[PDB]
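Engineer: Let me give you the structure first, and then I'll get to my questions.
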Amino acid sequence: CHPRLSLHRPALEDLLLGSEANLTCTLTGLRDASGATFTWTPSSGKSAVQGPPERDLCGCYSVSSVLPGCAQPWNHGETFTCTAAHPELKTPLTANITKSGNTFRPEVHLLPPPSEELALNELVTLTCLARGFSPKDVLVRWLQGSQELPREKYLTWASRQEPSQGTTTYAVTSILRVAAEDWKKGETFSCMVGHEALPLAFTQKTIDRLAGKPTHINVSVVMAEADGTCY
Amino acid sequence: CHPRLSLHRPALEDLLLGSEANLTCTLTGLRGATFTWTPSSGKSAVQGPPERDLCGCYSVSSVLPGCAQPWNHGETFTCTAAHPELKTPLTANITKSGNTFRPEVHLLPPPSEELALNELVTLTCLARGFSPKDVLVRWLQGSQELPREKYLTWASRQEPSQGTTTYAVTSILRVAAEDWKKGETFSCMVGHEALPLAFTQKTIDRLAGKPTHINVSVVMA
Amino acid sequence: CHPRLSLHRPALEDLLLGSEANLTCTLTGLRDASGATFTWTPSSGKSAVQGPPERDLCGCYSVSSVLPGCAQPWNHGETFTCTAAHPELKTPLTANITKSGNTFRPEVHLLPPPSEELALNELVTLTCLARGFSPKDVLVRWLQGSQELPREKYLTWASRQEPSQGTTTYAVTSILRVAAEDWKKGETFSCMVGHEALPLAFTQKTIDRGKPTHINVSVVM
Ligand SMILES: *[C@@H]1O[C@H](CO)[C@@H](O)[C@H](O)[C@H]1NC(C)=O
Ligand SMILES: *[C@@H]1O[C@H](CO)[C@@H](O)[C@H](O)[C@H]1NC(C)=O
């Protein structure tokens with residue numbers, strides 16, 4: 001039915017681990033096609049190419065656009081605007097976007113395997129929880145030793161909003177299943193989280209067999225020459 | 001503009017808690033209609049009193065109630081529709097699932113980095129490896145069941161193995177530090193179709209993360 | 001020496017395990033005619049079945065009245081009624097039943113094994129104790145790991161009334177005997193209790209080898 005125009009933030013995986021940074025601005029409710037060419041208030045190379053539209057419920061057309069090169073305006077704190085001229089409305093429709101403020105940084109925790117899984121000796125599982133961050137975009141990757149595991153080895157849920165104790169924050173989880181022989185050989189596994197509010201955009205926590213439910217605390221302290229003309 | 005038919009399995013919150021379990025056939029059109037159910041069951045249904053969706057065709061539903069024992073008994077249900085815009089009647093059907101699997105539930109203790117700020121401790125519940133993807137999760141404190149507005153549970157994704165198809169789901173609950181240091185206990189419950197007694201429970205308190213022995217030695221040499 | 005009529009309740013195993021519900025109405029005593037007219041005052045269509053020709057002592061002919069489908073009306077608060085009239089007893093009589101109020105939730109403990117047999121290394125006992133619930137209807141089941149043990153590997157007493165201050169609460173016990181190799185190896189067990197005052201119909205406690213922590217500190221000069 002009637003058209004409606006929306007704006008979309010740049011993807012998180014391209015700002016952290018990438019080079020290019022494309023914004024995008026779509027408009028649904030287009031009948032077949034139109035002569036809409038968009039307007040963007042910083043216009044340094046506005047290669048706003050649209051391409052073939054997509055089909056909706058019972059057959060409809062929706063066309064969009066992009067704009068490249070958005071690292072330094074998006075992180076420095078610029079502003080953007082998208083608007084297009086089209087038939088099926090009175091006034092041409094507009095939209096604006098800005099990098100958010102009033103953010104929080106995530107608290108990352110890596111939990112050891114439960115004690116019951118260790119006796120069966122088939123596989124174990126390691127849980128990675130991130131908690132209390134204000135925008136809802138995150139990245140979770142795993143490492144074994146120092147080598148990154150491929151994406152199809154683990155499972156990550158989505159970011160959701162947790163019950164309120166003040167400001168509104170979010171959370172996420174992930175699990176990885178590894179062979180129970182390697183847990184006793186002494187390998188290490190570690191979890192990485194990438195978020196906007198962190199200082200260098202990534203942080204990590206690490207766990208192996210000794211650190212984390214050890215059933216053993218051994219510590220030796222040797223203090224050598226306590227009466228020893230300290231200068 | 002376009003016709004469509006569906007069925008739906010009865011919801012798990014009604015199959016497990018209070019047995020009044022419905023079974024829904026929808027039709028999305030009329031851009032007047034009669035439905036027919038092949039198991040007799042005596043009690044007839046009620047038609048939808050026909051809301052609209054997606055800016056378009058107003059759908060119409062009809063619900064056959066009182067079918068909680070033939071669902072678990074292994075019976076089969078089909079519902080047959082009719083409409084002016086339909087050339088033939090449409091039919092579809094639904095059965096109970098076969099070759100189920102039961103879940104494995106774990107409750108993990110809070111990380112020790114968290115106890116140093118004196119605000120709130122975090123408990124984590126995980127359930128893994130069950131074949132039909134429908135599940136329930138409920139938390140407790142002692143015996144008092146907590147209201148649902150106090151925790152957060154995720155959906156039920158599919159986990160990456162090569163053997164079969166299995167699923168998993170998580171949940172967190174943040175309780176106060178003063179109640180944690182007193183020795184209050186907390187529990188996590190999971191409900192599944194494939195469990196024999198329909199519920200399983202795990203609990204925790206401020207012990208059971210503490211280590212079993214500590215060896216310190218100070219050498220003045 | 002002649003009985004009068006009264007009315008029983010549904011079985012808790014059937015009412016909790018999701019299957020069905022019945023309701024029984026009985027008189028007996030003498031081998032007389034089959035004009036035992038059982039009549040139910042509320043009846044949603046499917047009325048009762050005049051039951052099997054059961055016998056009791058000196059030919060005391062018992063037949064009963066049993067109706068299916070009694071979960072939702074019993075649970076939300078109806079008030080059922082049974083009336084009867086006999087060829088000998090042509091003077092009719094009636095009884096009533098009602099789901100109770102004034103409920104309390106149970107408290108379940110599991111207790112570790114008995115140092116005397118902890119040294120003997122032959123067999124160990126685990127005792128489950130429930131206490132303080134309002135009707136005299138419970139279930140007890142035992143588990144190991146995630147697997148349910150059969151009902152022949154333990155014993156359970158009946159629920160006696162406990163004497164204490166003011167109100168009438170109840171209690172019941174059960175014991176389980178298991179060999180020592182898996183008990184010292186680290187296998188775990190569970191005790192479950194079903195009761196109609198709990199909001200999710202069940203609770204469950206588990207036990208395993210509750211010890212304190214060791215601390216060794218040594219100074220070497
Ligand atoms: C952004 O647009 C909204 C309406 O779409 C308007 O209310 C708001 O003032 C705009 N903000 C700026 C900074 O232009
Ligand atoms: C009923 O369900 C079966 C699968 O159980 C399917 O193969 C069939 O197409 C369905 N419809 C019928 C028999 O009309």
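Naming scheme: A, B, ... for chains in displayed order of the structure tokens; residues 1 onward per chain; ligands 1 onward as shown.
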Name the residues, by chain letter and number, that sit within 8 Å of ligand 1 using only C-alpha atoms and all ligand atoms, and give them as a ChimeraX atom specification.

Structural biologist: /A:79,94-97

Engineer: Among the residues of range 1-177 of chain B, find those DSSP assigns to alpha helix (DSSP H) from the backbone and print them as a list in words.

Structural biologist: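 Matching residues for alpha helix (DSSP H) in range 1-177 of chain B are residues 12, 13, 14, 15, 16, 69, 70, 71, 72 and 177 of chain B.
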
Engineer: May I have the residues within 12 Å of ligand 2, computed using only C-alpha atoms and all ligand atoms, as JSON, numbers by chain?

Structural biologist: {"B": [7, 38, 74, 75, 76, 77, 78, 79, 80, 89, 90, 91, 92, 93, 94, 95, 96, 97, 98]}

Engineer: I need the residues from that last selection saved to file as a PDB file, in the first residue's frame (with N, CA, C and O atoms), if you can.

Structural biologist:
ATOM      1  N   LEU B   7      -2.114 -25.063   9.544  1.00  0.00           N
ATOM      2  CA  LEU B   7      -2.484 -25.564  10.857  1.00  0.00           C
ATOM      3  C   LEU B   7      -1.438 -25.152  11.871  1.00  0.00           C
ATOM      4  O   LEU B   7      -0.424 -24.536  11.538  1.00  0.00           O
ATOM      5  N   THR B  38     -11.850 -33.771  10.078  1.00  0.00           N
ATOM      6  CA  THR B  38     -12.043 -35.197   9.825  1.00  0.00           C
ATOM      7  C   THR B  38     -12.096 -36.097  11.066  1.00  0.00           C
ATOM      8  O   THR B  38     -12.844 -37.081  11.039  1.00  0.00           O
ATOM      9  N   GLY B  74      -1.222 -40.075  19.674  1.00  0.00           N
ATOM     10  CA  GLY B  74      -0.660 -40.421  18.395  1.00  0.00           C
ATOM     11  C   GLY B  74      -1.623 -40.351  17.225  1.00  0.00           C
ATOM     12  O   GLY B  74      -1.350 -40.970  16.192  1.00  0.00           O
ATOM     13  N   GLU B  75      -2.725 -39.624  17.353  1.00  0.00           N
ATOM     14  CA  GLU B  75      -3.725 -39.553  16.305  1.00  0.00           C
ATOM     15  C   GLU B  75      -3.280 -38.528  15.258  1.00  0.00           C
ATOM     16  O   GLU B  75      -2.277 -37.834  15.422  1.00  0.00           O
ATOM     17  N   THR B  76      -4.026 -38.451  14.165  1.00  0.00           N
ATOM     18  CA  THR B  76      -3.787 -37.515  13.084  1.00  0.00           C
ATOM     19  C   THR B  76      -5.023 -36.647  12.896  1.00  0.00           C
ATOM     20  O   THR B  76      -6.151 -37.130  13.013  1.00  0.00           O
ATOM     21  N   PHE B  77      -4.807 -35.368  12.622  1.00  0.00           N
ATOM     22  CA  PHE B  77      -5.880 -34.414  12.404  1.00  0.00           C
ATOM     23  C   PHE B  77      -5.715 -33.782  11.031  1.00  0.00           C
ATOM     24  O   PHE B  77      -4.596 -33.467  10.625  1.00  0.00           O
ATOM     25  N   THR B  78      -6.824 -33.629  10.296  1.00  0.00           N
ATOM     26  CA  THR B  78      -6.859 -32.837   9.068  1.00  0.00           C
ATOM     27  C   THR B  78      -8.050 -31.898   9.111  1.00  0.00           C
ATOM     28  O   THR B  78      -9.130 -32.275   9.565  1.00  0.00           O
ATOM     29  N   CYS B  79      -7.869 -30.686   8.595  1.00  0.00           N
ATOM     30  CA  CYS B  79      -8.992 -29.772   8.452  1.00  0.00           C
ATOM     31  C   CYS B  79      -9.132 -29.348   7.001  1.00  0.00           C
ATOM     32  O   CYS B  79      -8.139 -29.058   6.329  1.00  0.00           O
ATOM     33  N   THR B  80     -10.374 -29.329   6.530  1.00  0.00           N
ATOM     34  CA  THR B  80     -10.711 -29.074   5.139  1.00  0.00           C
ATOM     35  C   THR B  80     -11.479 -27.764   5.069  1.00  0.00           C
ATOM     36  O   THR B  80     -12.422 -27.561   5.839  1.00  0.00           O
ATOM     37  N   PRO B  89     -11.692 -27.511  -2.564  1.00  0.00           N
ATOM     38  CA  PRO B  89     -11.362 -27.358  -1.146  1.00  0.00           C
ATOM     39  C   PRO B  89      -9.870 -27.546  -0.917  1.00  0.00           C
ATOM     40  O   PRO B  89      -9.223 -28.360  -1.577  1.00  0.00           O
ATOM     41  N   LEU B  90      -9.320 -26.758   0.000  1.00  0.00           N
ATOM     42  CA  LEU B  90      -7.961 -26.970   0.468  1.00  0.00           C
ATOM     43  C   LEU B  90      -7.966 -27.899   1.676  1.00  0.00           C
ATOM     44  O   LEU B  90      -8.917 -27.944   2.456  1.00  0.00           O
ATOM     45  N   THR B  91      -6.899 -28.685   1.800  1.00  0.00           N
ATOM     46  CA  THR B  91      -6.705 -29.568   2.944  1.00  0.00           C
ATOM     47  C   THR B  91      -5.260 -29.459   3.408  1.00  0.00           C
ATOM     48  O   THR B  91      -4.355 -29.181   2.617  1.00  0.00           O
ATOM     49  N   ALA B  92      -5.059 -29.691   4.703  1.00  0.00           N
ATOM     50  CA  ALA B  92      -3.732 -29.856   5.288  1.00  0.00           C
ATOM     51  C   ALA B  92      -3.879 -30.737   6.520  1.00  0.00           C
ATOM     52  O   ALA B  92      -4.990 -31.104   6.905  1.00  0.00           O
ATOM     53  N   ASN B  93      -2.751 -31.083   7.140  1.00  0.00           N
ATOM     54  CA  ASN B  93      -2.796 -32.003   8.269  1.00  0.00           C
ATOM     55  C   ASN B  93      -1.613 -31.773   9.202  1.00  0.00           C
ATOM     56  O   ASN B  93      -0.679 -31.036   8.883  1.00  0.00           O
ATOM     57  N   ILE B  94      -1.673 -32.419  10.372  1.00  0.00           N
ATOM     58  CA  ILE B  94      -0.649 -32.284  11.402  1.00  0.00           C
ATOM     59  C   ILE B  94      -0.614 -33.564  12.234  1.00  0.00           C
ATOM     60  O   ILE B  94      -1.638 -34.212  12.461  1.00  0.00           O
ATOM     61  N   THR B  95       0.597 -33.969  12.622  1.00  0.00           N
ATOM     62  CA  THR B  95       0.839 -35.128  13.476  1.00  0.00           C
ATOM     63  C   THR B  95       1.764 -34.722  14.614  1.00  0.00           C
ATOM     64  O   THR B  95       2.442 -33.696  14.557  1.00  0.00           O
ATOM     65  N   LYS B  96       1.810 -35.557  15.645  1.00  0.00           N
ATOM     66  CA  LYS B  96       2.838 -35.446  16.667  1.00  0.00           C
ATOM     67  C   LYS B  96       4.183 -35.868  16.085  1.00  0.00           C
ATOM     68  O   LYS B  96       4.254 -36.657  15.142  1.00  0.00           O
ATOM     69  N   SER B  97       5.254 -35.320  16.641  1.00  0.00           N
ATOM     70  CA  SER B  97       6.591 -35.633  16.169  1.00  0.00           C
ATOM     71  C   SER B  97       7.017 -37.027  16.608  1.00  0.00           C
ATOM     72  O   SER B  97       6.648 -37.508  17.682  1.00  0.00           O
ATOM     73  N   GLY B  98       7.804 -37.682  15.756  1.00  0.00           N
ATOM     74  CA  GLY B  98       8.504 -38.890  16.124  1.00  0.00           C
ATOM     75  C   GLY B  98       9.996 -38.631  16.268  1.00  0.00           C
ATOM     76  O   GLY B  98      10.494 -37.572  15.905  1.00  0.00           O
TER      77      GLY B  98
END

Engineer: Which residue is closest to chain B? Choose from C:143, C:7, C:17, C:25 and count only C-alpha atoms.

Structural biologist: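 Smallest distance to chain B is found for C:17.
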
Engineer: For chain B, work out the contacting residues on chain C at 8 Å, counting only C-alpha atoms, and write them as a list in words.

Structural biologist: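 Here is what falls inside 8 Å: residues 17, 18, 19, 20, 71, 72, 199, 200, 202, 203, 204, 212, 213, 214, 215, 216, 217, 218, 219, 220 and 221 of chain C.
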
Engineer: Taking 6 positions as the minimum chain separation for residues in the same chain, which residues sit within 12 Å of residue 147 in chain B when counting only C-alpha atoms? Answer as a ChimeraX atom specification.

Structural biologist: /A:163 /B:137-141,173 /C:199

Engineer: I need the residues from that last selection saved to file as a CSV table (one decimal), in the first residue's frame (with C-alpha atoms), if you can.

Structural biologist:
chain,number,residue,atom,x,y,z
A,163,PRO,CA,15.2,-6.1,32.7
B,137,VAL,CA,12.0,-21.8,31.2
B,138,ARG,CA,11.0,-20.7,34.7
B,139,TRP,CA,13.0,-19.4,37.7
B,140,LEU,CA,12.5,-19.7,41.4
B,141,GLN,CA,13.8,-18.4,44.8
B,173,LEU,CA,18.7,-14.0,36.1
C,199,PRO,CA,2.7,-23.9,40.9

Engineer: Once DSSP has gone over the backbone, tell me which residues of range 24-122 of chain C are in strand (DSSP E), as JSON, numbers by chain.

Structural biologist: {"C": [24, 25, 26, 27, 37, 38, 39, 40, 49, 50, 54, 55, 56, 60, 61, 62, 63, 64, 65, 66, 81, 82, 83, 84, 85, 93, 94, 95, 96, 107, 108, 109, 110, 111]}

Engineer: Mind dumping the selected residues with N, CA, C and O atoms as a compact mmCIF listing (two decimals), in the first residue's frame?

Structural biologist:
# COMPACT_ATOMS: atom_id res chain seq x y z
N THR C 24 -15.82 -41.24 41.09
CA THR C 24 -16.48 -42.49 41.44
C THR C 24 -17.58 -42.27 42.47
O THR C 24 -17.45 -41.42 43.35
N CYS C 25 -18.64 -43.07 42.36
CA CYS C 25 -19.80 -43.00 43.24
C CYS C 25 -20.21 -44.43 43.56
O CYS C 25 -20.52 -45.20 42.64
N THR C 26 -20.19 -44.81 44.84
CA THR C 26 -20.34 -46.21 45.22
C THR C 26 -21.37 -46.44 46.33
O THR C 26 -21.46 -45.67 47.29
N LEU C 27 -22.13 -47.52 46.16
CA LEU C 27 -22.83 -48.21 47.25
C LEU C 27 -22.78 -49.70 46.99
O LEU C 27 -22.58 -50.13 45.85
N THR C 37 -29.89 -47.07 40.01
CA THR C 37 -30.01 -45.90 39.15
C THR C 37 -29.06 -44.82 39.63
O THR C 37 -29.36 -44.08 40.56
N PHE C 38 -27.92 -44.72 38.96
CA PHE C 38 -26.98 -43.65 39.22
C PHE C 38 -27.32 -42.47 38.32
O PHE C 38 -27.53 -42.64 37.11
N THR C 39 -27.39 -41.29 38.91
CA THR C 39 -27.74 -40.07 38.20
C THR C 39 -26.78 -38.98 38.65
O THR C 39 -26.56 -38.80 39.85
N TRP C 40 -26.20 -38.25 37.70
CA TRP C 40 -25.25 -37.19 38.00
C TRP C 40 -25.88 -35.84 37.73
O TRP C 40 -26.46 -35.62 36.66
N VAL C 49 -20.73 -44.33 33.12
CA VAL C 49 -20.84 -45.73 32.74
C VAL C 49 -21.12 -46.50 34.02
O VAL C 49 -20.32 -46.46 34.96
N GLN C 50 -22.26 -47.18 34.07
CA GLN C 50 -22.54 -48.09 35.18
C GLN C 50 -21.57 -49.26 35.11
O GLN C 50 -21.64 -50.09 34.20
N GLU C 54 -18.83 -55.94 40.03
CA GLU C 54 -17.84 -56.30 41.04
C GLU C 54 -18.50 -56.96 42.25
O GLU C 54 -19.65 -56.66 42.58
N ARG C 55 -17.77 -57.85 42.89
CA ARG C 55 -18.27 -58.54 44.06
C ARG C 55 -17.46 -58.16 45.30
O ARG C 55 -16.27 -57.83 45.22
N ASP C 56 -18.13 -58.22 46.45
CA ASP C 56 -17.48 -58.12 47.75
C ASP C 56 -18.06 -59.22 48.63
O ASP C 56 -18.86 -60.04 48.17
N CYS C 60 -21.45 -59.40 48.22
CA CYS C 60 -21.84 -57.99 48.27
C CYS C 60 -21.63 -57.30 46.93
O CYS C 60 -20.53 -56.85 46.59
N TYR C 61 -22.71 -57.23 46.16
CA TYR C 61 -22.67 -56.76 44.78
C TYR C 61 -22.37 -55.27 44.72
O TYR C 61 -23.18 -54.45 45.15
N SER C 62 -21.20 -54.92 44.18
CA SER C 62 -20.85 -53.53 43.97
C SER C 62 -20.81 -53.20 42.47
O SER C 62 -20.16 -53.87 41.67
N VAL C 63 -21.56 -52.16 42.10
CA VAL C 63 -21.41 -51.50 40.80
C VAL C 63 -21.32 -50.00 41.07
O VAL C 63 -21.83 -49.52 42.09
N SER C 64 -20.64 -49.27 40.19
CA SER C 64 -20.30 -47.90 40.52
C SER C 64 -20.67 -46.97 39.37
O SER C 64 -21.15 -47.41 38.33
N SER C 65 -20.46 -45.67 39.59
CA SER C 65 -20.71 -44.63 38.61
C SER C 65 -19.44 -43.83 38.36
O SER C 65 -18.89 -43.21 39.27
N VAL C 66 -18.99 -43.82 37.10
CA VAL C 66 -17.71 -43.21 36.75
C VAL C 66 -17.88 -42.39 35.47
O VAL C 66 -18.34 -42.89 34.45
N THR C 81 -22.01 -33.36 42.17
CA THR C 81 -23.15 -33.92 42.89
C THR C 81 -23.53 -35.27 42.31
O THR C 81 -23.67 -35.41 41.09
N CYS C 82 -23.71 -36.28 43.17
CA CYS C 82 -24.13 -37.61 42.77
C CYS C 82 -25.37 -38.02 43.56
O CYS C 82 -25.38 -37.94 44.79
N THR C 83 -26.41 -38.48 42.86
CA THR C 83 -27.61 -39.00 43.50
C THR C 83 -27.91 -40.39 42.97
O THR C 83 -27.48 -40.76 41.88
N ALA C 84 -28.64 -41.17 43.77
CA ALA C 84 -28.91 -42.57 43.44
C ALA C 84 -30.26 -43.01 44.00
O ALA C 84 -30.81 -42.39 44.91
N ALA C 85 -30.78 -44.11 43.45
CA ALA C 85 -32.00 -44.74 43.95
C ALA C 85 -31.97 -46.21 43.53
O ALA C 85 -31.66 -46.52 42.38
N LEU C 93 -30.70 -40.70 47.97
CA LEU C 93 -29.71 -40.04 48.81
C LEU C 93 -28.61 -39.45 47.93
O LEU C 93 -28.35 -39.93 46.83
N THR C 94 -27.97 -38.41 48.45
CA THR C 94 -27.08 -37.57 47.65
C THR C 94 -25.83 -37.21 48.46
O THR C 94 -25.88 -37.06 49.69
N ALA C 95 -24.69 -37.10 47.77
CA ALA C 95 -23.43 -36.64 48.37
C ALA C 95 -22.87 -35.51 47.52
O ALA C 95 -23.26 -35.35 46.36
N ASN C 96 -21.97 -34.72 48.11
CA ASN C 96 -21.30 -33.63 47.41
C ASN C 96 -19.79 -33.77 47.56
O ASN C 96 -19.31 -34.37 48.52
N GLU C 107 7.88 -29.10 52.00
CA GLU C 107 9.30 -28.85 52.18
C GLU C 107 10.02 -30.18 52.09
O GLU C 107 9.75 -31.09 52.88
N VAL C 108 10.94 -30.30 51.14
CA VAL C 108 11.56 -31.58 50.80
C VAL C 108 13.04 -31.52 51.15
O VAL C 108 13.73 -30.58 50.76
N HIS C 109 13.52 -32.53 51.87
CA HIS C 109 14.92 -32.66 52.21
C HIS C 109 15.46 -33.99 51.73
O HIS C 109 14.74 -35.00 51.74
N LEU C 110 16.71 -34.00 51.31
CA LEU C 110 17.45 -35.22 51.04
C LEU C 110 18.66 -35.25 51.96
O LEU C 110 19.31 -34.22 52.15
N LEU C 111 18.95 -36.40 52.52
CA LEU C 111 19.92 -36.44 53.58
C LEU C 111 21.06 -37.40 53.26
O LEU C 111 20.81 -38.49 52.74

Engineer: CA of residue 145 in chain C and CA of residue 168 in chain B are how many Å apart?

Structural biologist: 19.7 Å

Engineer: Report as a PyMOL selection string all protein, DNA and RNA residues lying within 10 Å of range 148-151 of chain C, evaluated on only C-alpha atoms, omitting residues in the same chain fewer than 6 positions from it.

Structural biologist: (chain B and resi 196-197) or (chain C and resi 140-142+189-190)

Engineer: Starting from chain A, keep only residues with some atom at most 12 Å from an atom of chain C, counting only C-alpha atoms, and report them as a ChimeraX atom specification.

Structural biologist: /A:115-120,215-226

Engineer: Could you save those same residues with N, CA, C and O atoms as a PDB file, in the first residue's frame?

Structural biologist:
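After the write, selection.pdb holds the following:
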ATOM      1  N   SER A 115      30.683 -29.453  35.804  1.00  0.00           N
ATOM      2  CA  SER A 115      31.470 -30.560  36.331  1.00  0.00           C
ATOM      3  C   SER A 115      30.956 -31.910  35.851  1.00  0.00           C
ATOM      4  O   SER A 115      31.725 -32.870  35.782  1.00  0.00           O
ATOM      5  N   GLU A 116      29.682 -31.995  35.489  1.00  0.00           N
ATOM      6  CA  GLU A 116      29.076 -33.245  35.060  1.00  0.00           C
ATOM      7  C   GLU A 116      29.503 -33.661  33.663  1.00  0.00           C
ATOM      8  O   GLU A 116      29.577 -34.860  33.385  1.00  0.00           O
ATOM      9  N   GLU A 117      29.791 -32.713  32.780  1.00  0.00           N
ATOM     10  CA  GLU A 117      30.180 -33.045  31.418  1.00  0.00           C
ATOM     11  C   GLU A 117      31.576 -33.636  31.327  1.00  0.00           C
ATOM     12  O   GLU A 117      31.896 -34.285  30.328  1.00  0.00           O
ATOM     13  N   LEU A 118      32.407 -33.418  32.337  1.00  0.00           N
ATOM     14  CA  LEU A 118      33.786 -33.867  32.293  1.00  0.00           C
ATOM     15  C   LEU A 118      33.925 -35.367  32.475  1.00  0.00           C
ATOM     16  O   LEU A 118      34.928 -35.936  32.034  1.00  0.00           O
ATOM     17  N   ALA A 119      32.955 -36.015  33.115  1.00  0.00           N
ATOM     18  CA  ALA A 119      33.078 -37.441  33.389  1.00  0.00           C
ATOM     19  C   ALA A 119      32.692 -38.294  32.186  1.00  0.00           C
ATOM     20  O   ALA A 119      33.231 -39.391  32.008  1.00  0.00           O
ATOM     21  N   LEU A 120      31.769 -37.816  31.351  1.00  0.00           N
ATOM     22  CA  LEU A 120      31.271 -38.613  30.241  1.00  0.00           C
ATOM     23  C   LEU A 120      32.293 -38.791  29.140  1.00  0.00           C
ATOM     24  O   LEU A 120      32.239 -39.805  28.439  1.00  0.00           O
ATOM     25  N   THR A 215      39.700 -27.522  41.571  1.00  0.00           N
ATOM     26  CA  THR A 215      39.745 -28.402  42.747  1.00  0.00           C
ATOM     27  C   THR A 215      41.125 -28.449  43.404  1.00  0.00           C
ATOM     28  O   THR A 215      41.390 -29.324  44.225  1.00  0.00           O
ATOM     29  N   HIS A 216      41.992 -27.494  43.090  1.00  0.00           N
ATOM     30  CA  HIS A 216      43.369 -27.501  43.552  1.00  0.00           C
ATOM     31  C   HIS A 216      43.862 -26.070  43.521  1.00  0.00           C
ATOM     32  O   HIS A 216      43.825 -25.433  42.468  1.00  0.00           O
ATOM     33  N   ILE A 217      44.319 -25.564  44.656  1.00  0.00           N
ATOM     34  CA  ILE A 217      45.006 -24.285  44.697  1.00  0.00           C
ATOM     35  C   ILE A 217      46.373 -24.528  45.310  1.00  0.00           C
ATOM     36  O   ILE A 217      46.482 -24.783  46.514  1.00  0.00           O
ATOM     37  N   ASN A 218      47.408 -24.467  44.485  1.00  0.00           N
ATOM     38  CA  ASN A 218      48.787 -24.597  44.922  1.00  0.00           C
ATOM     39  C   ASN A 218      49.499 -23.273  44.717  1.00  0.00           C
ATOM     40  O   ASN A 218      49.480 -22.722  43.615  1.00  0.00           O
ATOM     41  N   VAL A 219      50.128 -22.772  45.769  1.00  0.00           N
ATOM     42  CA  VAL A 219      50.834 -21.503  45.706  1.00  0.00           C
ATOM     43  C   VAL A 219      52.076 -21.599  46.583  1.00  0.00           C
ATOM     44  O   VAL A 219      52.036 -22.142  47.690  1.00  0.00           O
ATOM     45  N   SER A 220      53.201 -21.125  46.053  1.00  0.00           N
ATOM     46  CA  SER A 220      54.463 -21.090  46.777  1.00  0.00           C
ATOM     47  C   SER A 220      54.949 -19.654  46.811  1.00  0.00           C
ATOM     48  O   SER A 220      55.071 -19.021  45.763  1.00  0.00           O
ATOM     49  N   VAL A 221      55.217 -19.139  48.004  1.00  0.00           N
ATOM     50  CA  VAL A 221      55.742 -17.791  48.185  1.00  0.00           C
ATOM     51  C   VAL A 221      57.094 -17.896  48.868  1.00  0.00           C
ATOM     52  O   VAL A 221      57.202 -18.484  49.947  1.00  0.00           O
ATOM     53  N   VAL A 222      58.124 -17.337  48.245  1.00  0.00           N
ATOM     54  CA  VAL A 222      59.483 -17.394  48.766  1.00  0.00           C
ATOM     55  C   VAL A 222      59.975 -15.975  48.973  1.00  0.00           C
ATOM     56  O   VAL A 222      60.101 -15.214  48.010  1.00  0.00           O
ATOM     57  N   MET A 223      60.275 -15.622  50.217  1.00  0.00           N
ATOM     58  CA  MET A 223      60.786 -14.301  50.550  1.00  0.00           C
ATOM     59  C   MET A 223      62.203 -14.458  51.072  1.00  0.00           C
ATOM     60  O   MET A 223      62.410 -15.049  52.135  1.00  0.00           O
ATOM     61  N   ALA A 224      63.172 -13.914  50.338  1.00  0.00           N
ATOM     62  CA  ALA A 224      64.532 -14.443  50.413  1.00  0.00           C
ATOM     63  C   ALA A 224      65.322 -13.916  51.605  1.00  0.00           C
ATOM     64  O   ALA A 224      65.650 -14.671  52.525  1.00  0.00           O
ATOM     65  N   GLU A 225      65.630 -12.623  51.624  1.00  0.00           N
ATOM     66  CA  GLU A 225      66.536 -12.077  52.634  1.00  0.00           C
ATOM     67  C   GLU A 225      65.854 -10.910  53.327  1.00  0.00           C
ATOM     68  O   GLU A 225      66.170  -9.759  53.039  1.00  0.00           O
ATOM     69  N   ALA A 226      64.976 -11.209  54.280  1.00  0.00           N
ATOM     70  CA  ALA A 226      64.129 -10.180  54.862  1.00  0.00           C
ATOM     71  C   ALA A 226      64.893  -9.223  55.763  1.00  0.00           C
ATOM     72  O   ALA A 226      64.495  -8.062  55.891  1.00  0.00           O
TER      73      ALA A 226
END

Engineer: Rank A:124, A:71, A:143, A:45 by their smallest atom-to-atom distance to residue 16 in chain A, using only C-alpha atoms, and report the top residue only.

Structural biologist: A:71

Engineer: From the set A:177, A:107, A:170, A:162, which residue has the shortest atom-to-atom contact distance to residue 202 in chain A, counting only C-alpha atoms?

Structural biologist: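 Closest residue, counting only C-alpha atoms: A:107.
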
Engineer: For CA of residue 6 in chain B and CA of residue 87 in chain B, quote the distance in Å rounded to one decimal.

Structural biologist: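 Computing the Euclidean distance for CA of residue 6 in chain B and CA of residue 87 in chain B yields 17.5 Å.
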
Engineer: Just the residues within 6 Å of residue 131 in chain C, please, counting only C-alpha atoms, with nothing from its chain fewer than 4 positions along; format it as a ChimeraX atom specification.

Structural biologist: /C:106-107,170-171

Engineer: Would you output that residue set with C-alpha atoms, as a PDB file, in the first residue's frame?

Structural biologist:
ATOM      1  CA  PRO C 106       5.693 -28.997  51.008  1.00  0.00           C
ATOM      2  CA  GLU C 107       9.298 -28.845  52.184  1.00  0.00           C
ATOM      3  CA  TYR C 170       1.170 -34.096  56.931  1.00  0.00           C
ATOM      4  CA  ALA C 171       4.468 -35.849  56.209  1.00  0.00           C
TER       5      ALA C 171
END
